[PDB]
Amino acid sequence: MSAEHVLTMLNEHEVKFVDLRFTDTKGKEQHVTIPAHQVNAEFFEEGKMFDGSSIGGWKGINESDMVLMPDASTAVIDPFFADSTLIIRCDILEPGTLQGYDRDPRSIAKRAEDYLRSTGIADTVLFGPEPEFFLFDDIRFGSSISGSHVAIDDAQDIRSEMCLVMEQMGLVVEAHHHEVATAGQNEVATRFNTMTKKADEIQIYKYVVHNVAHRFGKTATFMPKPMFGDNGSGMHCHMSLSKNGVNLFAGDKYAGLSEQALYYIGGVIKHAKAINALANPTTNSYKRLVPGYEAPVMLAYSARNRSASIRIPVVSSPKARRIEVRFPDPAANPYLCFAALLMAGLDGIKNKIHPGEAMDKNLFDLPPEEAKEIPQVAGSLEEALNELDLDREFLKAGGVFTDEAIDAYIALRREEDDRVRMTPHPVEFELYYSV
Amino acid sequence: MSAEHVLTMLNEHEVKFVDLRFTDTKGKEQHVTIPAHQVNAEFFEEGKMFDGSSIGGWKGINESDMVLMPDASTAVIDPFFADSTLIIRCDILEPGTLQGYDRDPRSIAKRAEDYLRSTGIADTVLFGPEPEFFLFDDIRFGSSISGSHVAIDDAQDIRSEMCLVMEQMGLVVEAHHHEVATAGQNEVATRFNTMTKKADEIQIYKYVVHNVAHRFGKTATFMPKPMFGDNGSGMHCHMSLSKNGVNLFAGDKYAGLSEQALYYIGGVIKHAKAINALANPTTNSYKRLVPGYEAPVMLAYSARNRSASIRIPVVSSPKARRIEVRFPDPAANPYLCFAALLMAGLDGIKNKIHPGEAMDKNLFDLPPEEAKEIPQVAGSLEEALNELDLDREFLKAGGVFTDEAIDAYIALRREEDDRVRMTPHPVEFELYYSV
Amino acid sequence: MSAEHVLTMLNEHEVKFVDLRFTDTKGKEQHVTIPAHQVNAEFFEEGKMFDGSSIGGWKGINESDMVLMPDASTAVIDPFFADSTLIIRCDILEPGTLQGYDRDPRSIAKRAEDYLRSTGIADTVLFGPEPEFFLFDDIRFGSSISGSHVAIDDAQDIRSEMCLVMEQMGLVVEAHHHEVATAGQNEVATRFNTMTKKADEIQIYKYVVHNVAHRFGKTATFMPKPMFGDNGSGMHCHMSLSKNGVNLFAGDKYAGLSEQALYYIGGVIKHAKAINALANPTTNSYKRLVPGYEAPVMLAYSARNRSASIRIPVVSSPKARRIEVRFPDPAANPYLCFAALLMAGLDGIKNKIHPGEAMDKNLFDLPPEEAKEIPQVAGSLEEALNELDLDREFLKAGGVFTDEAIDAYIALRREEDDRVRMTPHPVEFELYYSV
């Protein structure tokens with residue numbers, strides 16, 4: 001899809017504004033809106049000059065502006081704006097070299113896919129995530145010097161019209177279930193795409209969910225554990241690799257899974273804590289990866305066991321043979337999370353890393369003199385960030401991740417880890433106020 | 001002081017009730033009240049049969065009762081009860097052997113002192129703690145399934161009458177300062193005693209503080225960090241060793257400190273994380289031992305530096321030469337905390353452990369490529385409990401701590417660590433709800 | 001009715017979503033919604049992969065997914081959804097064998113009918129239930145640690161539009177009476193169908209009632225005893241058996257009733273407590289089956305007496321000769337309740353079980369030295385579940401009910417029986433608080 005069709009779309013829909021959207025390293029979606037008449041043919045080869053100081057982690061105060069280069073293939077009409085707006089996802093480029101910024105999540109995802117095609121291991125990667133969210137009637141939260149509080153006050157109509165708006169915005173939806181047990185927990189499923197396209201679709205997904213909830217007077221959250229005791233919000237990721245239109249994950253070994261796939265799982269298992277730094281980036285994220293019950297915490301693979309973090313779904317077709325990793329959560333930055341998973345898998349394939357043996361077991365149900373034995377995902381955000389700091393190498397292969405970018409990411413996550421670490425918690429008053 | 005004087009006190013003061021008090025492994029103070037006429041001469045050689053199942057960590061459901069044996073030297077009139085009551089601190093004894101219970105904090109403290117006298121290193125130990133508390137006007141806290149909250153609403157009269165009641169109850173008070181900067185933070189200082197006597201005095205201290213506050217319509221808390229940004233509540237512990245009436249900590253080395261004292265500091269530094277499991281037993285306790293600013297976090301000794309955890313106070317007298325360790329907090333169980341510090345020091349003396357060199361530096365003010373280098377106290381309650389689980393040996397010397405007692409303590413602290421770990425925190429809503 | 005007509009209906013009505021509905025062992029109605037464009041011709045021969053772990057009683061955590069196979073003959077447009085939806089009832093199938101799941105109520109009902117046709121006793125069974133509900137203006141209920149409460153605040157328009165919506169959804173309605181005496185108690189009658197069709201109609205009935213009430217700002221309940229003193233909600237079930245288009249219940253004996261029918265009644269009477277475990281599955285259900293007054297509690301048959309649980313309605317036609325059992329309540333799972341009644345009747349026919357003599361008496365009005373003598377329905381849910389545990393055999397004939405399925409059902413009902421048993425009741429405070 002080219003720029004000419006975008007200008008045609010501008011004239012056709014009577015678009016008044018164009019909303020250029022990009023993503024911070026935090027995963028938050030930033031935007032700049034320009035009038036539709038400022039979009040010309042030339043606009044698609046110079047982009048828009050932006051002040052790259054405001055965003056955290058990015059260019060500092062002395063190193064100056066960046067370039068917003070739109071991707072014309074990502075153009076879509078915004079359903080929620082009163083004045084007809086066209087959304088275009090943009091890359092952040094260095095104004096001189098006019099190349100992808102080192103600290104740009106979208107550029108990093110594109111680099112990861114390019115490295116995939118470069119290494120010759122496969123031609124494309126298919127990512128299918130399953131982001132789950134919570135719908136609440138109301139919420140009030142706050143934290144002053146003299147205490148803290150949160151209060152959460154808990155339909156088909158909301159989800160069905162979410163699905164309709166998501167299909168307006170180019171997503172292909174394929175199920176809309178409520179979770180049977182958990183109050184407010186909903187999940188819309190969607191069709192698999194390539195990494196960067198699917199990450200863009202995850203940004204559109206979250207946008208639609210948030211805005212459609214506000215229309216119905218609700219509040220949606222993609223926060224991995226918003227409520228005690230009730231099951232957390234996850235984002236299970238199905239990976240496949242394809243070369244010239246055939247799966248590399250289809251073979252003859254355990255559950256019809258290929259040798260290349262087994263090394264992919266090995267690579268994911270080995271670096272899973274460095275991955276956890278990117279896939280599980282919040283401190284809330286480790287209240288659902290808790291040691292013990294109902295946790296996708298055990299770093300092993302099994303088609304039967306559902307206490308293993310890595311599942312091998314059973315499909316009556318060699319053309320759909322994938323691995324599902326279940327530890328990532330919807331608070332992840334889709335670009336960085338997906339790039340991390342792909343690079344871990346490629347490092348596993350490159351180094352012939354063998355995952356071991358399938359745990360057709362009942363984990364959790366194992367006595368805790370063997371619960372200790374199995375590799376586990378990171379126990380806290382500090383542990384994950386430390387493991388990332390020590391295990392940078394697999395992310396730097398092919399220059400996808402810069403040392404500088406990893407450093408900036410770690411620092412930006414630590415400034416939030418520390419704020420959580422040093423605020424007093426209400427449960428600590430219940431337990432220790434009298435003591 | 002004998003039983004006969006206690007019966008004399010019963011007749012003299014017209015005591016109606018006798019309150020037998022003991023301490024859980026949590027540090028909470030349990031009591032059984034008997035009528036004054038049930039106290040006979042025979043009562044001081046059989047004690048009182050107690051059901052030892054209710055308390056957590058102690059004897060289970062199949063192993064049955066314990067014995068409350070009063071210590072007649074700990075008798076004191078309760079100032080707060082309308083019906084004249086005599087408080088007596090009791091030990092928990094096994095009904096058969098009539099020996100100190102293995103999971104009894106007071107018995108463990110007595111065993112630690114007995115082992116001290118057995119090893120011949122010194123004759124007695126002098127402990128001077130400095131417990132600090134917070135006075136608030138009001139507080140409301142709570143944690144349901146649908147959220148959590150805390151709200152804290154912030155005088156000379158209260159402290160001065162606290163000091164008067166503490167001197168009624170046999171404490172020798174020696175200062176009553178308000179903390180200049182921190183709202184509500186107060187501190188009453190007291191004279192040094194031996195380990196077990198001082199631990200009993202710390203229990204009386206906390207009792208008096210709590211009850212006198214309630215009289216004035218206030219709420220006192222010994223919780224290490226009840227409020228954000230404002231400095232935490234600590235309990236700095238001054239240790240001295242004496243043999244036949246002379247300090248073993250008085251010598252000719254750094255700041256007039258003896259060789260035996262240097263090995264004591266070495267032993268405290270080496271095992272400081274295993275100690276932290278007992279001296280810093282709450283998860284709140286590590287919000288004041290935070291990496292960085294104003295933390296007694298650096299495991300080194302210095303007479304000048306006040307970022308070192310271990311201080312060497314300067315006194316114009318060889319008869320008062322002590323080491324002050326500043327990481328313990330007032331939520332500690334005084335018996336277990338003091339026993340741990342003494343045993344670490346004795347293991348340091350026994351194994352000739354050299355602490356190294358005095359850090360006449362400015363810590364925190366050090367660049368964080370050397371902040372990393374220095375030994376640190378435990379970063380979280382999990383780390384401290386794991387280090388305790390691995391470093392049991394120094395506590396088991398002379399059979400002071402049983403493996404069974406250490407196991408029960410660790411399990412009982414973990415069941416609270418886990419409850420804190422899996423509840424959602426209000427600050428995590430502020431940071432990640434939208435994300 | 002085939003799949004082709006369903007795809008035609010999708011195009012005709014401009015259906016946007018398809019709602020696949022199934023029933024737990026609890027009787028609760030679960031659903032998965034897919035977009036209308038995901039329904040293809042192939043979708044009706046593979047179904048939809050579902051995670052069968054969430055539902056209680058069904059496949060555990062290690063045994064993995066199930067298949068939703070739609071029944072194209074059960075397709076109907078949902079009247080309450082804003083986005084035009086097509087409801088299809090689905091069976092749960094094992095993904096391998098592609099056969100009916102053992103713990104699936106709908107599959108069990110189909111198996112019961114298949115066993116009926118297999119044994120050659122009859123060709124089809126006609127079930128006519130009479131589910132009654134309560135309409136309230138408002139209700140508030142709750143149960144915390146510090147008490148419990150319920151408060152119920154009590155038209156032709158509601159029922160008449162209920163009847164209209166039920167006829168939209170393929171039910172044939174045939175009366176809409178309010179109960180003369182009981183506040184809020186309403187009843188819509190419907191035409192007889194076969195077992196599985198009628199159970200599907202009972203699910204549609206309950207759905208329509210609940211949703212139409214919410215439209216009018218009311219609350220409907222199918223709970224057997226929502227209010228003290230006032231008569232409970234029942235679901236009287238009329239059974240008939242047909243072979244090649246003639247009743248087997250039409251004959252020459254008592255009230256024109258056939259020999260086969262008499263053994264059917266005998267079989268129902270013998271196993272009525274095992275049946276009560278399925279037809280009366282709640283603890284509330286035995287507050288309307290109370291020993292004494294106005295209870296369909298007496299296990300005997302009579303055309304005249306209305307204190308007998310089994311009635312023989314008088315009809316001026318041999319083509320309508322049925323037996324009405326009056327103990328079942330609308331909280332029952334229609335599939336399991338109906339399967340249980342049919343299997344008890346078939347075991348009665350197979351074993352020539354004679355019911356005895358008609359009780360043309362006045363029961364309740366009998367002195368309680370003969371009230372004791374007559375067989376009674378179960379007195380509590382525990383008794384019913386114990387009798388079911390002992391009397392499994394009649395349900396296992398022809399493999400309709402698995403031992404595993406019965407075990408799972410019993411366990412799932414017991415976890416609710418126990419929660420009711422151990423919560424303190426307000427009336428027990430009225431009677432025994434002072435005592």
# chains A, B, ... in the order shown; residues from 1 in each chain; ligands from 1
call {"tool": "closest_atom_pairs", "arguments": {"of": "chain A", "to": "chain C", "cutoff": "12 Å", "atoms": "only C-alpha atoms", "output": "Markdown table"}}
result
| residue | atom | partner | partner_atom | distance |
| --- | --- | --- | --- | --- |
| A:155 | CA | C:81 | CA | 10.5 |
| A:156 | CA | C:81 | CA | 7.8 |
| A:157 | CA | C:81 | CA | 6.7 |
| A:158 | CA | C:82 | CA | 10.1 |
| A:159 | CA | C:33 | CA | 9.5 |
| A:160 | CA | C:83 | CA | 7.0 |
| A:161 | CA | C:83 | CA | 7.5 |
| A:162 | CA | C:83 | CA | 11.0 |
| A:163 | CA | C:35 | CA | 8.2 |
| A:164 | CA | C:16 | CA | 8.5 |
| A:166 | CA | C:35 | CA | 11.6 |
| A:167 | CA | C:35 | CA | 9.9 |
| A:172 | CA | C:35 | CA | 9.4 |
| A:173 | CA | C:35 | CA | 7.1 |
| A:174 | CA | C:34 | CA | 5.7 |
| A:175 | CA | C:34 | CA | 4.3 |
| A:176 | CA | C:33 | CA | 5.1 |
| A:177 | CA | C:32 | CA | 5.0 |
| A:178 | CA | C:32 | CA | 7.7 |
| A:179 | CA | C:54 | CA | 8.2 |
| A:180 | CA | C:54 | CA | 6.7 |
| A:181 | CA | C:54 | CA | 7.1 |
| A:182 | CA | C:54 | CA | 9.8 |
| A:186 | CA | C:32 | CA | 11.2 |
| A:187 | CA | C:32 | CA | 10.5 |
| A:188 | CA | C:33 | CA | 9.5 |
| A:189 | CA | C:34 | CA | 9.3 |
| A:190 | CA | C:34 | CA | 10.6 |
| A:191 | CA | C:38 | CA | 10.9 |
| A:231 | CA | C:54 | CA | 11.1 |
| A:293 | CA | C:61 | CA | 11.7 |
| A:294 | CA | C:61 | CA | 9.4 |
| A:295 | CA | C:61 | CA | 11.9 |
| A:302 | CA | C:62 | CA | 9.6 |
| A:303 | CA | C:64 | CA | 8.3 |
| A:304 | CA | C:62 | CA | 5.5 |
| A:305 | CA | C:62 | CA | 4.6 |
| A:306 | CA | C:61 | CA | 5.8 |
| A:307 | CA | C:61 | CA | 7.7 |
| A:308 | CA | C:62 | CA | 10.0 |
| A:311 | CA | C:64 | CA | 10.8 |
| A:312 | CA | C:64 | CA | 11.1 |
| A:313 | CA | C:65 | CA | 9.2 |
| A:314 | CA | C:65 | CA | 8.9 |
| A:315 | CA | C:49 | CA | 9.3 |
| A:316 | CA | C:95 | CA | 9.7 |
| A:359 | CA | C:62 | CA | 10.8 |
| A:360 | CA | C:62 | CA | 8.2 |
| A:361 | CA | C:62 | CA | 7.9 |
| A:362 | CA | C:62 | CA | 6.7 |
| A:363 | CA | C:62 | CA | 9.3 |
| A:364 | CA | C:61 | CA | 10.9 |
| A:365 | CA | C:61 | CA | 10.6 |
call {"tool": "residues_around", "arguments": {"residues": "residue 405 in chain B", "least_positions_apart": "5", "cutoff": "9 Å", "atoms": "only C-alpha atoms", "output": "ChimeraX atom specification"}}
result
/B:57-58,102-104,410
call {"tool": "select_by_dssp", "arguments": {"residues": "range 110-269 of chain B", "states": "alpha helix (DSSP H)", "output": "MDAnalysis selection string"}}
result
chainID B and resid 110:119 156:168 195:215 259:269
call {"tool": "write_last_selection", "arguments": {"atoms": "C-alpha atoms", "output": "short mmCIF file (atom, residue, chain, number, x, y, z; two decimals), in the first residue's frame"}}
result
data_model
loop_
_atom_site.label_atom_id
_atom_site.label_comp_id
_atom_site.auth_asym_id
_atom_site.auth_seq_id
_atom_site.Cartn_x
_atom_site.Cartn_y
_atom_site.Cartn_z
CA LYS B 110 18.83 -17.34 77.89
CA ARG B 111 20.59 -20.14 75.95
CA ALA B 112 22.58 -17.55 73.95
CA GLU B 113 23.81 -15.89 77.17
CA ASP B 114 24.58 -19.32 78.70
CA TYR B 115 26.62 -20.27 75.60
CA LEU B 116 28.45 -16.94 75.92
CA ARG B 117 29.44 -17.80 79.51
CA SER B 118 30.26 -21.40 78.43
CA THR B 119 32.67 -20.46 75.61
CA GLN B 156 5.83 16.60 75.16
CA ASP B 157 2.95 15.66 77.49
CA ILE B 158 2.59 12.19 75.93
CA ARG B 159 6.32 11.37 76.06
CA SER B 160 6.93 12.81 79.54
CA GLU B 161 4.12 10.69 81.03
CA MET B 162 5.39 7.71 78.97
CA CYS B 163 8.76 8.23 80.69
CA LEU B 164 7.05 8.38 84.11
CA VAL B 165 5.10 5.14 83.53
CA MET B 166 8.25 3.43 82.15
CA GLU B 167 10.08 4.36 85.37
CA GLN B 168 7.13 2.98 87.38
CA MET B 195 20.48 -9.31 76.80
CA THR B 196 17.43 -11.04 78.34
CA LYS B 197 16.73 -8.22 80.83
CA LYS B 198 16.95 -5.67 78.03
CA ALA B 199 14.61 -7.70 75.80
CA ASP B 200 12.07 -7.81 78.67
CA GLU B 201 12.54 -4.04 79.00
CA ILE B 202 11.88 -3.67 75.23
CA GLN B 203 8.59 -5.55 75.67
CA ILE B 204 7.65 -3.27 78.61
CA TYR B 205 8.73 -0.24 76.51
CA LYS B 206 6.39 -1.14 73.63
CA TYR B 207 3.51 -1.95 76.01
CA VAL B 208 3.83 1.41 77.81
CA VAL B 209 4.12 3.36 74.55
CA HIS B 210 1.00 1.74 73.01
CA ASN B 211 -1.20 2.15 76.12
CA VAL B 212 -0.12 5.69 77.03
CA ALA B 213 -0.85 6.75 73.45
CA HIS B 214 -4.37 5.27 73.63
CA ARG B 215 -5.00 7.25 76.90
CA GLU B 259 41.07 -6.87 68.78
CA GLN B 260 38.16 -8.94 70.20
CA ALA B 261 35.80 -6.07 69.23
CA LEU B 262 37.20 -6.03 65.67
CA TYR B 263 36.43 -9.74 65.26
CA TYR B 264 32.96 -9.10 66.72
CA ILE B 265 32.34 -6.52 63.97
CA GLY B 266 33.78 -8.94 61.38
CA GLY B 267 31.34 -11.64 62.49
CA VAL B 268 28.39 -9.23 62.42
CA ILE B 269 29.37 -8.09 58.87
#
call {"tool": "select_by_dssp", "arguments": {"residues": "range 128-280 of chain C", "states": "strand (DSSP E or B)", "output": "PyMOL selection string"}}
result
chain C and resi 128-136+138-144+147-153+173-178+185-190+193-194+219-221+235-243+246-247+250-253+257
call {"tool": "residues_around", "arguments": {"residues": "residue 386 in chain B", "least_positions_apart": "4", "cutoff": "9 Å", "atoms": "only C-alpha atoms", "output": "list in words"}}
result
residues 274, 277, 381, 382, 390, 391 and 410 of chain B
call {"tool": "closest_residue", "arguments": {"among": "A:5, A:134, A:435, A:154", "to": "residue 334 in chain B", "atoms": "only C-alpha atoms"}}
result
A:435
call {"tool": "residues_around", "arguments": {"residues": "residue 91 in chain B", "least_positions_apart": "6", "cutoff": "7 Å", "atoms": "only C-alpha atoms", "output": "short mmCIF file (atom, residue, chain, number, x, y, z; two decimals) with N, CA and C atoms, in the first residue's frame"}}
result
data_model
loop_
_atom_site.label_atom_id
_atom_site.label_comp_id
_atom_site.auth_asym_id
_atom_site.auth_seq_id
_atom_site.Cartn_x
_atom_site.Cartn_y
_atom_site.Cartn_z
N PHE B 22 4.19 -13.92 77.95
CA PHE B 22 5.22 -14.59 77.18
C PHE B 22 5.14 -14.02 75.77
N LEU B 68 3.91 -22.76 81.67
CA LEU B 68 4.29 -21.38 81.95
C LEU B 68 5.03 -21.34 83.28
N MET B 69 6.36 -21.18 83.27
CA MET B 69 7.10 -21.05 84.52
C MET B 69 7.42 -19.58 84.74
N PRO B 70 6.83 -18.91 85.76
CA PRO B 70 7.10 -17.49 85.99
C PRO B 70 8.53 -17.21 86.45
N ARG B 106 12.39 -16.37 74.56
CA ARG B 106 13.03 -16.03 75.82
C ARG B 106 14.03 -17.12 76.21
N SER B 107 13.63 -18.39 76.04
CA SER B 107 14.52 -19.51 76.31
C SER B 107 15.75 -19.47 75.39
#
call {"tool": "atom_distance", "arguments": {"atom1": "CA of residue 223 in chain C", "atom2": "CA of residue 193 in chain C"}}
result
23.8 Å
